[PDB]
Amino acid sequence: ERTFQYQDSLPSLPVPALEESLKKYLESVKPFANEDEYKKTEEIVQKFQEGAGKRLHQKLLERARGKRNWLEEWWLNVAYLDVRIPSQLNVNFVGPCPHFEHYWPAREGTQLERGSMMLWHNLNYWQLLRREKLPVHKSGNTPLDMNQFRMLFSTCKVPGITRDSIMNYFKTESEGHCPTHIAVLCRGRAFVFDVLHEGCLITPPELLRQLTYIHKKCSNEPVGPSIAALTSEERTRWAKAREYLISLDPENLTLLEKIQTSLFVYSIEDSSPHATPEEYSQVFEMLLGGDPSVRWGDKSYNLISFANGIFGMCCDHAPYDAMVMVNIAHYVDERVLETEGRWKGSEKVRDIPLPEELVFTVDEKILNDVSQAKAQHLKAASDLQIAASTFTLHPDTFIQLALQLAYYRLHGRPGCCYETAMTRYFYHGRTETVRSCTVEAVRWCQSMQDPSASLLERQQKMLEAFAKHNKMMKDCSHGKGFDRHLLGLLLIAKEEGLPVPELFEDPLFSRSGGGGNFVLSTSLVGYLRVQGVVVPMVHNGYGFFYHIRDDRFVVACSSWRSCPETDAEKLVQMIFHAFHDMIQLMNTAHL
């Protein structure tokens, strides 16, 4: 069995029935509307269904006839590439490497040695992929799309004036040649080197030589031009700064391309985030913030190394979702566990070419841009608050409802929530929106705060909420959700120069979350001991992510300090209290 053998067999992303999607939409706005607003929306939806919507839907079906995935390109552009805000901080997702839970606890002076093994394991994963030896993900006996794995290595974003682009240079052995070098950033400088020698991959000791070399050289020398810091800027500014950089020297492009084509970017930081199995929220903060001088935010995969021997990953959310990062990080985690975090092979260090430094040609302007880039990222990142804790009826649904209750209790009202649903059953399927703030969820939350509510009433309603969310997650993962569907109708209109349907201008459309207005941006990040996170979707919102282990729930929450109403720490405390009451409710109900 080969990694991508089932791709030509995957079913097309479906287009839900118009009536079904509109019914689900109407039901979803109920929690945020009074009698009058709902009647208005109902009439808007009915007309849409009878006229313009019916026609736009037909055109969407026509699009699906010629594309195995009618949404792919649109989603990439609309959700990511066209967006102009700084993507490095506001869109990229990050995740700590969970090695400090065992063999690699935080400790000074272990950065280079542990780093050599980190590269080695990461690189062996690339070898697996290139040879298509990586196991095919399946749900029972049904194969899942594996395309996102092609975006892990040798992939990088390039800024555009109005639209960015993704460069995917990865290729399997059967497809052709794949770049074989990695890029290292240190003290505002960039270096590169081939990971292969005499046919095989270089070993940790050999990798430790390259890294040690780079570290020593830069340590007692002034910080370099830090061209990398420009990747953390507003997309259009970066696009222009990039063009200017290239004009100063045609060669500068060659350097940019070298970074773009590298298997991945490895970053050396001098900071040391507090990382212990108990508290490690600081790892998330330095991962999203850190020092721009050594990060390449356009890279699909940027492995980060801290001074205290801690590691983390920062990824461009555009080309793929967090599950690929989770899988390689877990693979590495298993390797570390098997080897007790040590290299026990030959200590021989063959004579391999030293790392080559990438020296860009810059003037006074470029340096001012770099200076400006660093400052804006640091200032913006400093407003980020991260709360990470561990807590010790599907678990995901349990957590989603617990969050509904926590937000309801903390803020006094239902929080429109976005939960990621994977659609990998389909060709190049990525995500769909699951709207956790349902009528059922709210009815339950009210009963939990109702003193006159009986124990049986609360359990009964909690179960009805569970049932609703389960059906929701199922339909969405099966391509029967409605959020992407409505986006498709909207895009059909725009693409032909036709007016925006009234349905999208409706106050309830955005109040329920449409248009990227979810006060709770969430997703399960798997069951592989890796955690991920992104900043909130809205200024007065939260980012809430989590992963599940057989004996615990791990969570990561983000909020903006500049928003006095939100507090990541307080919300986490509230959801833990929520888990408790929900457990007790089931136990006492057990009877």
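So that there is no doubt, residue numbering starts at 1 and follows the sequence shown.
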item	value
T392-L393 interval: deposited residues absent from the model	10 or more
Mean C-alpha temperature factor, higher of 136-144 and 483-491	136-144
Higher-scoring stretch by recorded Cα B factor average, 271-279 or 510-518	271-279
Candidate set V324, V91, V434, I366 [ranked by C-alpha B-factor, highest]	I366
Residue with highest C-alpha B-factor in the PDB entry, from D333, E72, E505, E173	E173
Ranked C-alpha temperature factor of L208 among modelled chain residues, by third	highest
Assigned third (lowest, middle, highest) for the C-alpha B factor of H547	middle
Chain-wide C-alpha B factor ranking for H102, given as lowest, middle or highest third	highest
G199 by Cα B-factor - lowest, middle or highest third of the modelled chain	highest
For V572, the third of its chain into which the C-alpha B factor falls	middle
